[PDB]
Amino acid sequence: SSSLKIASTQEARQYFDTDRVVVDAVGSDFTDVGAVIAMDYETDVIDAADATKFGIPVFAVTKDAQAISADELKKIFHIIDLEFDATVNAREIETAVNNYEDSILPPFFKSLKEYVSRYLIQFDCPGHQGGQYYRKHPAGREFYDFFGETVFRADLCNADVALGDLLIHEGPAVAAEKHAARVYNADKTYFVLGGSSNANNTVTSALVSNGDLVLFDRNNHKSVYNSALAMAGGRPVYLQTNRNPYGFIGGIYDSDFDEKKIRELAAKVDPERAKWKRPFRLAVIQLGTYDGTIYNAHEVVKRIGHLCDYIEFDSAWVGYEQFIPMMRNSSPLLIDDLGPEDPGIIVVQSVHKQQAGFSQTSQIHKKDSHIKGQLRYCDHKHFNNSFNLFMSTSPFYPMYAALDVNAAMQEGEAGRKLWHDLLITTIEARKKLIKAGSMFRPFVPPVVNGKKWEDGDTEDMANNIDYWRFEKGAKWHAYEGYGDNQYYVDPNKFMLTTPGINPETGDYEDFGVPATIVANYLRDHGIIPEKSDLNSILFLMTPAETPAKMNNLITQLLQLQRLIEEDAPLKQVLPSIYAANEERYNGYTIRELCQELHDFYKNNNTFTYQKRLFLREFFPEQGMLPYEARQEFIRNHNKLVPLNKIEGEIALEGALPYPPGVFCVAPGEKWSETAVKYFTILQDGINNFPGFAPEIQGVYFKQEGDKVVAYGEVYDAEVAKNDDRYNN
């Protein structure tokens, strides 16, 4: 039933009785402890349990209670005096352990744990019924034994009515969501089991009507392009975004947050902007970019908020900013001053990315009670209708429990401490790399308050925003369109730069170490990074990291550093990519490959085109709306055209290149020269360098000769007129 242990110190052992559960000593993390029982003088053990801020009941056995220190009494929960030693002490300690476990276990997981504890004969869905189908076949038996009995036993459905209703929100299911809603300072919370992709489908399909204007962030994820525009029929008013010589996904231009530019831009419909106090139904802004650019949510609401009915913050790459005091301005759920003239705030966040949750788990935080009595408001009936279009009728319970448990894990002083201790570890790890003069320098300011970054106090830096800010016009970040106190460096994204770029002069250096070499090296040495662009590599930071894990990373980056400065053979450095492509990289050394791979991108001015794709001057021309483009795609009014003949052709699918991992030509838009240039460079790179090829979606490769040519689905007006189905 219960698994919580009692941690007691040696002298305190023979003073209590709950030898019902495993008692242990103190030198523990206190994560499996129910109640700590020490002596009044064993101050350091009482201080250690208290320091974790978990809230574990501390029992102090004393000789003189009237003599105990006042500061220690705040840490002690109950006093076991010696001025009776009985079975009543055994009750208090057991009741403390029970009241504690009732506290740390969230609403839905607590019920799932109890339900599974019963011996219930399942004749309902899922058909495997407690995994008993799997253990009847050898392939399934291997599947059962790999995962364990529990994941199959916890896989239940609506017919197990004791657990509530996960669709029309009833029972322990809604209790879990109402708990998360308190933890995140929101009106209502919706648990989505189809990732932020389907949560993005929920938000927009609930608010956007065919023809409504959407204030679109050009950095928006494919799901926001597909749902808000292609599916729903919304019409975008794109806001240009920043990009530096590293191709980093920066925020929206400061000059774009101007009402006069926005209304001018909104000439998609002349009257919907001309007088309408609020020309936009929805405004989707990506709060946290992949490359570490987190906005000032307070300043965004203040500047574009009175023009939008609703504002959606795709916060899938963040979420932790609510629990880190330093980053409060970045949290849209902590905005106090909301009244009826303000917009409704929706916050979509992928719990699995940088929070605690299984893959595909996400949630929506609705904060719009301040606009409750107006026509623009979207009530629970309206929102849940959309939720149910995307939510399955048979959701996976263990995934629902993960979201429930995450909300508990972020709650109070125990969750905030975990993010705080991580900052200490991350700040100390960056200092290690800076002080050790590594060629892989962390993307942070070089000088803060007249002193060097690494010369600041780690504790201050964990709670001082000056150390993590993108100062207007500062050379290091090189983003040309940032204002004062508008963007911040996301501290949880261990972003390292690699040689080859000089943000100072805004151009390439003679020698460069492409990030893909670093990526493949670490992958061969067991370390799996998140991604690597052309001159940067990323590692995601959550409380799962320990100083040991970071040191094991910093070590392997110092090994590769010396193998490069001394010029080692490619068979030695990268043996996986060699023992696959031998006759192509024969006799090569790392520097030989490094100079080769660097010059290709250098001679092609790859970062100049990477920047232009997100600049209004170079946005493709809209030859059709995204909705109209998808309809033509459904109707098969298309042709596969190669890239050399594609410029000017209307793209029916979004061209997605990595980097930046965002649409460069949205469906309906016609292929710009800039789009064709950038795609041709990466196409040639796939051919020229097998093994260090960038990921690319929206385009289709066809092997033609010795090279692999790129194609794309484009509109065919000939098939449109020669189709009697939708009128000749």
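Just count from 1 along the sequence shown to find any residue number.
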query: Unmodelled deposited residues flanked by residue 457 on one side and residue 458 on the other; finding: none
query: Mean Cα B-factor comparison, 191-199 or 549-557, giving the higher one as deposited; finding: 549-557
query: 40-48 or 655-663, whichever carries the higher mean Cα B-factor; finding: 40-48
query: Selection by C-alpha B-factor (highest) of 510, 291, 632, 404; finding: 510
query: Selection by C-alpha B-factor (highest) of 485, 359, 532, 410; finding: 485
query: CA B-factor placement of residue 151, once the chain's modelled residues are sorted into thirds; finding: middle
query: Where the record places residue 267 (Cα B-factor, split into thirds across the chain); finding: highest
query: Among modelled residues of the same chain, the CA temperature factor third for residue 525; finding: highest
query: Lowest, middle or highest third - CA B-factor, residue 55; finding: middle
query: Relative C-alpha B-factor of residue 108, binned into the chain's lowest, middle or highest third; finding: lowest
